[PDB]
Each structure stands twice: as C-alpha cells, then as structure tokens.
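Undergrad: One structure coming up, written as structure tokens, with questions to follow.
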Amino acid sequence: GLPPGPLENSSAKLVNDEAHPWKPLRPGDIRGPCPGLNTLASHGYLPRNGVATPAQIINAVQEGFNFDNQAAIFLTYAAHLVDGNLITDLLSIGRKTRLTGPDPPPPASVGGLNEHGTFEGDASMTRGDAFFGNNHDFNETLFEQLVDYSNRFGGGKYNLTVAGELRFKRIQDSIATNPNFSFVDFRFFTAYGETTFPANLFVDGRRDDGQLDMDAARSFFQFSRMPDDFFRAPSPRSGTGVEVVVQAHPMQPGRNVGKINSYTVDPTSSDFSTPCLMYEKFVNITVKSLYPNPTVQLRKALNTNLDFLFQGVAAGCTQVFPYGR
Ligand code: HEM
Ligand SMILES: CCCCCC/C=C\CCCCCCCC(=O)O
Ligand SMILES: *[C@@H]1O[C@H](CO)[C@@H](O)[C@H](O)[C@H]1NC(C)=O
Ligand SMILES: *[C@@H]1O[C@H](CO)[C@@H](O)[C@H](O)[C@H]1NC(C)=O
Ligand SMILES: *[C@@H]1O[C@H](CO)[C@@H](O)[C@H](O)[C@H]1NC(C)=O
Ligand SMILES: *[C@@H]1O[C@H](CO)[C@@H](O)[C@H](O)[C@H]1NC(C)=O
Ligand SMILES: *[C@@H]1O[C@H](CO)[C@@H](O)[C@H](O)[C@H]1NC(C)=O
Ligand SMILES: [Cl-]
Ligand SMILES: [Mg+2]
C-alpha cells in the first residue's frame with residue numbers, strides 16, 4: 001500500500017487507552033531491538049505477534065508516539081528493504097520468522113530487525129553488540145549504566161545531556177571490547193538519532209520537557225509498556241536535539257579492524273556533512289548487495305519500496321535507481 005500521510009490531528013492525547021491495553025507476550029510473539037516498535041506491538045498499535053506491514057508500522061509510530069511522517073517513512077522503508085519480505089510486504093520487528101512468508105534467494109536474509117549490520121548495529125544503549133551474543137534483548141547491566149548516566153548528568157532523568165555522554169561511553173566501550181565494532185554509514189546516523197527518541201517520545205506529552213524519569217524508561221525499554229495514563233507527544237517529532245548529542249563528543253565514522261582498540265576512520269563512509277551519500281550508499285551498496293540480480297516480481301517490489309524510501313529523504317538529495325526506472 002502507499003505510505004500513510006501525516007496525522008490529521010497531532011494533539012497530545014491518552015494513547016494508553018481502553019482500545020490499546022498492554023498485554024504480556026504469548027508463545028511465538030516477536031519483540032526486537034527497538035523499544036518503540038516493541039511498545040506499539042505490546043499495546044496492539046501493531047499486530048501483537050510483532051509482524052507488520054510498512055503501512056501498519058508508519059500508522060503505529062504516528063498514532064502511538066507522534067513520530068513525524070518523514071522520519072517514519074525513511075526508517076520503516078529502510079528497515080523493510082533490508083530486513084523485510086518485499087513480496088509479502090511483511091517485516092518482523094525482531095527475529096527471523098517463517099511468518100514473513102516464502103524467502104527470496106540468497107544473499108537476501110529477510111532476518112527481521114534482529115539482523116546485525118543491515119539496520120541494527122553496535123553501541124546500542126540497552127542492547128549488547130551482536131559480537132557478545134545478543135543484539136535484541138533488554139540488558140539490565142546496560143540499563144543500570146543508563147540510570148547511572150541519568151543520575152550523573154540529568155539529575156536522575158534521561159535528557160539530551162545524558163544522551164551525549166552515554167552515546168560516547170557506548171562507542172568507547174565497543175572500541176575497548178568488540179574487535180568487530182562497526183560505526184559507519186547508516187548505523188553512524190541512526191545511533192545518534194536513537195539516543196534522542198527517549199527524551200522526545202517517551203516523555204508524557206503534557207510535560208514534553210525532554211526529561212525522562214527512570215520508572216518510565218524501564219517500562220518502555222524492558223517491558224515494552226506505556227506508563228499508566230501515558231499521553232503521546234503534543235506534536236510530530238523524531239530526532240530534534242541530535243545536534244546536542246553530536247556536539248558533546250564529535251566522532252568520525254570508522255570500525256575496529258579485527259582487534260580491540262584499533263578504531264580506524266573510514267573516509268568512504270558518509271558522515272553528518274554528507275547526508276545524501278548515506279542514502280546513496282544504503283541503496284547502491286546495502287540494498288543492491290542483498291538483491292544483486294532480482295527476478296521480475298522482486299525488481300518491481302524493490303523499485304516500489306525504493307520510491308517510498310525516497311519520500312522520507314530530506315529535500316535536496318537526488319534519487320538513485322539501482323534497477324533502472
Ligand atoms: C519508525 C520505524 C522504526 C523503526 C523501523 C525502528 C527500528 C529500530 C531498530 C532496528 C533499532 C535497533 C538499532 C540498534 O540500537 O542497534 C532501533 C532502536 C531504537 N528505537 Fe526504533 N525504530 C523505529 C521507530 C522508533 C520510535 C517511534 C521510537 C520511540 C518512540 C524508537 C525508539 C528507539 C530507541 C530508543 C532505540 C535504541 C535502543 C537502544 O539503543 O537501547 N524507534 N529502532
Ligand atoms: C536527521 C537526523 C540525524 C540522525 C537521526 C537518524 C536518522 C533519521 C531520522 C529521520 C530523518 C529522515 C530523513 C533523513 C534524510 C536523509 O536520509 O538524507
Ligand atoms: C484533536 O484531538 C484533540 C485531543 O486529542 C481533541 O480535543 C480535538 O477535538 C481534536 N480535533 C478534531 C479535529 O477532532
Ligand atoms: C562483524 O562485522 C561485519 C561487517 O564489518 C558484519 O558482517 C558481521 O555480521 C559482524 N558480526 C558481528 C557478530 O559483529
Ligand atoms: C549485558 O551486558 C553486560 C555488559 O556489556 C554483559 O557483560 C552481559 O553478558 C550482557 N548480558 C546479560 C544477559 O546480562
Ligand atoms: C539534563 O538535566 C540536568 C539536571 O537537571 C541539566 O543540568 C541539563 O541542563 C539537562 N539537559 C537538558 C538538555 O535538558
Ligand atoms: C549510485 O548509483 C548511481 C547510478 O545508479 C550513481 O549515479 C551514484 O553516483 C551512485 N552513488 C554512490 C555509489 O554513492
Ligand atoms: Cl508528521
Ligand atoms: Mg544494536
């Protein structure tokens with residue numbers, strides 16, 4: 001289906017309401033590395049089994065959290081192109097599942113949001129690096145480090161100042177311990193934006209003061225659960241304040257080169273000075289590598305989802321056509 005448009009009414013409102021109660025997981029229900037999508041699934045804004053269409057994800061992030069339309073389109077179609085089934089139009093918000101339907105040929109993985117190095121990647125705040133065995137489950141030790149950083153830099157709340165310090169701490173922890181640490185291109189961009197989302201979208205919309213309390217933080221990050229009486233944000237937003245997080249500790253894109261403490265800058269990577277290059281590499285290298293020579297029906301589904309992705313790309317970038325027009 002076509003990407004949904006913006007909300008007709010973007011006011012703050014109760015989203016933890018009678019039609020969207022929290023429920024625990026049933027056998028087979030899928031949760032993944034994103035506390036936002038996990039919460040929408042666990043309140044029935046998404047299918048509770050954690051398998052959804054791109055149109056369902058965009059409608060859910062808008063309706064439940066007031067995620068802005070352009071950000072919703074960009075992230076949802078990027079995730080879907082690399083992790084979703086383009087023929088069935090289904091994406092797992094976590095593990096690979098037969099529920100997304102018959103797989104395309106390799107090297108396409110259709111691995112769900114849990115797939116390392118497509119969307120998901122290293123130096124997550126509350127999830128471990130894939131090298132350490134689990135890139136998707138809530139991690140109590142890492143959450144307690146978020147709490148400690150909130151206590152030291154946020155007077156006990158998570159805010160953009162905390163985000164700037166913890167983002168850097170998590171990068172330095174991956175450099176020191178993950179010999180395969182990768183922090184380039186799409187992950188370099190998304191890792192900074194994600195640190196703003198708790199301050200912008202998990203804060204009750206009646207306050208909208210960017211100060212997330214640790215009870216609410218644990219409820220979203222661990223239990224995929226809105227606070228009792230949670231109001232969504234009072235206007236559409238996604239990553240506003242990311243400039244504060246970058247400014248705290250500016251980093252160049254790079255990777256460890258098969259050993260700890262070997263962080264080597266990659267001059268072929270996009271960075272914040274080359275946002276259009278991030279889009280071009282994502283399509284020309286990442287998507288094309290999964291679907292190098294697609295059959296007629298896949299090519300058509302790729303071209304449709306690539307058009308939708310471009311709708312979420314900031315004005316002033318040129319659309320690229322890896323399978324022609
Ligand atoms: C619109 C579509 C969305 C997609 C496709 C998506 C996908 C993802 C993925 C794959 C990750 C894992 C990246 C990583 O840390 O390795 C992630 C992280 C995250 N997402 Fe989402 N997300 C979306 C929307 C949102 C929304 C609406 C929120 C909040 C309301 C949100 C909050 C987060 C947070 C806080 C993290 C970081 C978790 C951490 O580092 O501990 N996302 N998202
Ligand atoms: C734009 C904020 C920088 C980092 C935050 C994570 C990335 C995406 C948030 C939504 C922006 C969607 C369009 C970006 C434009 C582009 O891809 O060139
Ligand atoms: C918009 O939503 C608000 C509360 O969420 C409500 O008070 C108002 O009546 C709504 N506007 C329309 C167009 O219905
Ligand atoms: C290691 O990094 C490579 C790409 O640099 C990636 O393909 C691979 O999945 C990573 N593995 C883990 C578990 O980090
Ligand atoms: C959580 O993260 C810590 C710190 O990186 C790690 O040592 C631990 O093995 C992870 N897993 C669990 C289940 O706590
Ligand atoms: C985070 O909270 C601390 C303590 O209240 C404060 O000094 C700092 O200015 C806050 N930062 C933001 C961006 O709100
Ligand atoms: C992507 O491929 C297009 C041609 O399809 C080309 O114009 C563009 O320069 C490429 N961008 C890269 C590799 O960054
Ligand atoms: Cl919007
Ligand atoms: Mg991760």
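As shown in the structure tokens, the chain order sets the letters A, B, ...; within each chain, residues go from 1, and ligands are also counted from 1 in the order they appear.
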Quick one: residues within 6 Å of ligand 9, with only C-alpha atoms and all ligand atoms, as a ChimeraX atom specification?

TA: /A:120-122,124,127,129,135

Undergrad: Using only C-alpha atoms, determine which residues lie at most 10 Å from range 140-154 of chain A, disregarding the query and same-chain residues fewer than 2 positions distant; provide the list as a list in words.

TA: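 In the requested form, the answer reads residues 124, 125, 126, 127, 128, 137, 138, 156, 157, 158, 159, 160, 161, 162, 163, 164, 165, 166, 167, 169, 170, 211, 212, 213, 214, 217, 218, 221 and 222 of chain A.
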
Undergrad: What's the 8 Å shell around residue 72 in chain A, counting only C-alpha atoms, without same-chain residues fewer than 6 positions away, as a list in words?

TA: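 The residues that qualify are residues 58, 61, 62 and 312 of chain A.
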
Undergrad: Excluding same-chain residues fewer than 4 positions from range 26-31 of chain A, what lies within 8 Å of it counting only C-alpha atoms, as a VMD selection string?

TA: chain A and resid 38 48 to 51 92 to 95

Undergrad: For those residues, write C-alpha atoms to a file as an mmCIF file, in the first residue's frame.

TA:
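result-v3.cif, written as the output of this step:
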```
data_model
loop_
_atom_site.group_PDB
_atom_site.id
_atom_site.type_symbol
_atom_site.label_atom_id
_atom_site.label_comp_id
_atom_site.auth_asym_id
_atom_site.auth_seq_id
_atom_site.Cartn_x
_atom_site.Cartn_y
_atom_site.Cartn_z
ATOM 1 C CA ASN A 38 8.057 -3.302 20.854
ATOM 2 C CA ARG A 48 0.772 -8.258 18.934
ATOM 3 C CA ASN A 49 2.830 -11.084 17.246
ATOM 4 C CA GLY A 50 5.403 -8.406 16.110
ATOM 5 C CA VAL A 51 4.929 -8.992 12.327
ATOM 6 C CA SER A 92 9.439 -8.892 11.761
ATOM 7 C CA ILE A 93 10.256 -6.313 14.485
ATOM 8 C CA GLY A 94 12.663 -8.966 15.920
ATOM 9 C CA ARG A 95 13.886 -12.465 14.934
#
```

Undergrad: Please identify every residue of chain A that has at least one atom no farther than 6 Å from an atom of ligand 7, counting only C-alpha atoms and all ligand atoms, and for each give the shortest atom pair and the distance in Å to one decimal, arranged by chain then increasing number, as CSV.

TA:
```
residue,atom,partner,partner_atom_place_in_ligand_line,distance
A:277,CA,ligand 7,14 (O),5.6
A:280,CA,ligand 7,14 (O),4.7
A:281,CA,ligand 7,14 (O),4.9
A:284,CA,ligand 7,1 (C),5.0
A:320,CA,ligand 7,3 (C),5.3
A:321,CA,ligand 7,5 (O),4.9
A:322,CA,ligand 7,5 (O),4.9
```

Undergrad: I'd like to know which of A:136, A:225, A:232, A:96 is closest to ligand 5, using only C-alpha atoms and all ligand atoms.

TA: A:136

Undergrad: Counting only C-alpha atoms and all ligand atoms, what are the residues of chain A within 6 Å of ligand 2, and for each of them which pair of atoms is the nearest and at what distance in Å, to one decimal? Sort the table by chain and rising number, as JSON lines.

TA:
```
{"residue": "A:70", "atom": "CA", "partner": "ligand 2", "partner_atom_place_in_ligand_line": "12 (C)", "distance": 5.7}
{"residue": "A:71", "atom": "CA", "partner": "ligand 2", "partner_atom_place_in_ligand_line": "10 (C)", "distance": 3.7}
{"residue": "A:74", "atom": "CA", "partner": "ligand 2", "partner_atom_place_in_ligand_line": "12 (C)", "distance": 5.1}
{"residue": "A:189", "atom": "CA", "partner": "ligand 2", "partner_atom_place_in_ligand_line": "4 (C)", "distance": 4.5}
{"residue": "A:190", "atom": "CA", "partner": "ligand 2", "partner_atom_place_in_ligand_line": "6 (C)", "distance": 4.0}
{"residue": "A:192", "atom": "CA", "partner": "ligand 2", "partner_atom_place_in_ligand_line": "4 (C)", "distance": 5.6}
{"residue": "A:193", "atom": "CA", "partner": "ligand 2", "partner_atom_place_in_ligand_line": "5 (C)", "distance": 3.4}
{"residue": "A:239", "atom": "CA", "partner": "ligand 2", "partner_atom_place_in_ligand_line": "2 (C)", "distance": 5.4}
{"residue": "A:275", "atom": "CA", "partner": "ligand 2", "partner_atom_place_in_ligand_line": "18 (O)", "distance": 4.5}
{"residue": "A:276", "atom": "CA", "partner": "ligand 2", "partner_atom_place_in_ligand_line": "18 (O)", "distance": 4.7}
{"residue": "A:279", "atom": "CA", "partner": "ligand 2", "partner_atom_place_in_ligand_line": "17 (O)", "distance": 5.3}
{"residue": "A:312", "atom": "CA", "partner": "ligand 2", "partner_atom_place_in_ligand_line": "13 (C)", "distance": 5.2}
{"residue": "A:313", "atom": "CA", "partner": "ligand 2", "partner_atom_place_in_ligand_line": "15 (C)", "distance": 4.1}
{"residue": "A:314", "atom": "CA", "partner": "ligand 2", "partner_atom_place_in_ligand_line": "15 (C)", "distance": 4.1}
```

Undergrad: Restricting the output to N, CA and C atoms, write the selected residues as a tab-separated table (two decimals), in the first residue's frame.

TA:
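For reference, selection30.tsv as written:
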```tsv
chain	number	residue	atom	x	y	z
A	70	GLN	N	7.95	12.03	7.88
A	70	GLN	CA	9.15	11.85	7.03
A	70	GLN	C	10.08	10.83	7.71
A	71	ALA	N	10.30	10.97	9.02
A	71	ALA	CA	11.18	10.05	9.77
A	71	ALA	C	10.57	8.64	9.77
A	74	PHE	N	11.14	7.12	6.27
A	74	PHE	CA	12.56	6.79	5.97
A	74	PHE	C	12.94	5.51	6.73
A	189	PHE	N	24.57	7.20	11.50
A	189	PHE	CA	23.46	8.19	11.57
A	189	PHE	C	22.43	7.78	12.63
A	190	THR	N	21.93	6.55	12.53
A	190	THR	CA	20.78	6.08	13.35
A	190	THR	C	21.16	6.00	14.82
A	192	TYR	N	22.99	7.97	16.61
A	192	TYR	CA	22.87	9.31	17.25
A	192	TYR	C	21.39	9.68	17.41
A	193	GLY	N	20.60	9.49	16.36
A	193	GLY	CA	19.17	9.82	16.42
A	193	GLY	C	18.44	9.05	17.50
A	239	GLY	N	14.00	13.21	15.77
A	239	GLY	CA	15.38	13.33	16.25
A	239	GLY	C	15.79	14.74	16.62
A	275	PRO	N	24.86	13.80	4.16
A	275	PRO	CA	23.66	13.01	4.39
A	275	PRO	C	23.14	12.31	3.13
A	276	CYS	N	23.23	12.96	1.97
A	276	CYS	CA	22.78	12.35	0.70
A	276	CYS	C	23.62	11.10	0.39
A	279	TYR	N	22.22	7.96	2.08
A	279	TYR	CA	21.07	7.43	1.29
A	279	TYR	C	21.61	6.67	0.07
A	312	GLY	N	10.96	9.77	2.22
A	312	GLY	CA	11.44	10.08	3.59
A	312	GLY	C	12.80	10.76	3.57
A	313	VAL	N	13.41	10.93	2.39
A	313	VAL	CA	14.77	11.52	2.23
A	313	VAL	C	14.62	13.05	2.20
A	314	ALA	N	15.47	13.76	2.94
A	314	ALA	CA	15.45	15.23	3.08
A	314	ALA	C	15.56	15.84	1.68
```

Undergrad: Taking only C-alpha atoms and all ligand atoms into account, which residues are within 12 Å of ligand 4, as a PyMOL selection string?

TA: chain A and resi 109+114-123+128-135+174+177-185+187+254-259+266+286+289

Undergrad: For each of A:238, A:298, A:243, A:69, take the minimum atom-to-atom distance to residue 103 in chain A, counting only C-alpha atoms, then give the residue where this is smallest.

TA: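 Closest candidate: A:298.
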